Every structure is written in structure tokens, then in C-alpha cells.
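Quick notes on the structure that follows.
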Amino acid sequence: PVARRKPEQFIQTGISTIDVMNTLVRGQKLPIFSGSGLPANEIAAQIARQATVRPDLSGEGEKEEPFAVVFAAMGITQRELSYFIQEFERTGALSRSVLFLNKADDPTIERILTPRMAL
Amino acid sequence: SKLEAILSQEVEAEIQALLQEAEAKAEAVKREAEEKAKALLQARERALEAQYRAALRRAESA
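Chains as they are written, first to last, in the entry's author numbering: chain F, 121 to 239; chain L, 2 to 63.
What follows is the structure in C-alpha cells.
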């Protein structure tokens with residue numbers, strides 16, 4: 121905690137509620153609490169495909185290096201998996217993103233190991 | 002007769018007002034049809050060039 125910095129630089133995500141009212145700042149943990157049939161995966165893929173930081177408002181410029189996605193999937197059912205893979209391959213993010221895929225039929229103990237060897 | 006000529010004047014005046022109203026209507030009709038067609042043609046360069054550019058994005062990444 122002495123060697124942390126304040127998460128401080130504004131990410132816009134395109135989504136108007138997240139940009140205006142519940143700001144996503146670079147260096148933050150915020151989960152998407154969803155229901156059972158709600159489109160959580162599409163909102164996560166949308167924040168994946170269009171989250172950028174705007175430095176002209178911030179005052180620096182200084183480059184645009186984009187994000188590197190680490191996608192840690194624990195027990196998804198080839199439908200949500202096919203949606204994430206098709207979205208990331210149409211936007212071209214697979215040359216910057218590692219995918220720790222643990223599908224649903226794969227055994228139910230290595231779901232412990234998956235987020236640790238993703239983070 | 003005077004009102005012979007005046008009723009002829011009334012018929013000519015109603016026909017002339019009818020055709021002036023019809024001129025204004027036809028000018029507004031060709032204006033609105035041309036504006037709709039050019040809004041179409043302005044939207045189609047977006048709807049086609051964006052597809053072309055996104056195709057080259059995903060092709061270069063592949």
C-alpha cells in the first residue's frame with residue numbers, strides 16, 4: 121500500500137451511464153452484477169471493443185497505446201464463448217489478448233486455478 | 002355584358018390561383034423528393050465505406 125498510486129485517469133467506455141454517472145477510471149475493479157438472462161457478455165464485449173482514454177481532455181496526449189485484454193473464462197457453454205471469440209476476431213483484438221478458457225464440460229476444480237493464472 | 006366579363010374574370014382568376022398553388026406544391030414535391038434521394042445517397046457512402054474499412058481492418062489483423 122505504500123507503493124500504490126491513485127487510479128486517476130478517465131476511461132470513456134462509450135456506454136453513457138458508465139461515462140456520465142458511474143465513471144470507469146483506469147486501475148479500478150468494478151464487476152457487472154447481472155441476472156440470469158441479461159446481456160452481461162455483450163456489455164463486457166462492448167467495453168472491450170471501445171474503451172479508450174482521452175488525453176486531450178486530460179491534457180497530455182503523449183500516445184495512444186491500446187489495451188491488452190486478458191479474458192479469464194470459468195465455465196462458459198460454447199455459446200457465450202462463441203460470441204466472445206467472434207467479437208474479438210471481428211474487431212481484431214486476438215493479436216493483443218490472452219484467453220484462459222475453461223469450458224463448462226472441463227473439470228470443476230481448475231476453476232480455482234483459472235483467475236490466479238490469469239492475474 | 003359587364004358580369005359576363007366579370008364571371009369570365011372569376012373563372013380565369015380561380016384557374017390562375019389554382020395553377021399557382023399547384024406550382025408551389027409541385028416545387029415543394031420535387032424539393033422533398035430530391036432531398037430524400039440525396040439523404041439516401043449521403044447515407045450510402047457511410048454505409049458502404051464503413052463496411053470496406055472494417056473489412057480491411059479485420060483482414061490486416063488476420
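Ideal Cβ placement from N, Cα and C applies to all residues, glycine included.
1) According to the neighbour-count rule (16 or more other Cβ atoms, all chains shown, within 10 Å of its Cβ), is residue 222 (chain F) buried or exposed?
2) Tell me, please, which residues DSSP counts as bridged to residue 146 (chain F).
3) From what residue to what residue does the beta strand (DSSP E) around residue 220 (chain F) run?
4) Less than 9 Å separating the beta-carbons of residue 143 (chain F) and residue 153 (chain F)?
5) Rounded C-beta distance between residue 192 (chain F) and residue 238 (chain F)? I'm assuming under 8 Å.
6) On the premise that residue 231 (chain F) lies in contact with residue 194 (chain F), defined as a C-beta separation below 8 Å, what is that separation, rounded to the nearest angstrom?
7) Look at residue 220 (chain F) and residue 161 (chain F) and say whether their C-beta atoms are less than 9 Å apart.
8) Between residue 50 (chain L) and chain F, is the shortest Cβ-Cβ distance under 9 Å, so that the two count as touching?
9) Under a Cβ-count criterion, where at least 16 other Cβ atoms within 10 Å of its own Cβ denotes burial, should residue 213 (chain F) be classed as buried or exposed?
10) Tell me where the alpha helix (DSSP H) around residue 191 (chain F) begins and ends.
Walking through what the data contain:
1) buried
2) F:129
3) 218-223
4) no
5) 4 Å
6) 5 Å
7) no
8) Not an interface residue.
9) buried
10) Where residue 191 (chain F) is concerned, there is no enclosing alpha helix (DSSP H), although the beta strand (DSSP E) it sits in stretches over 190-196.
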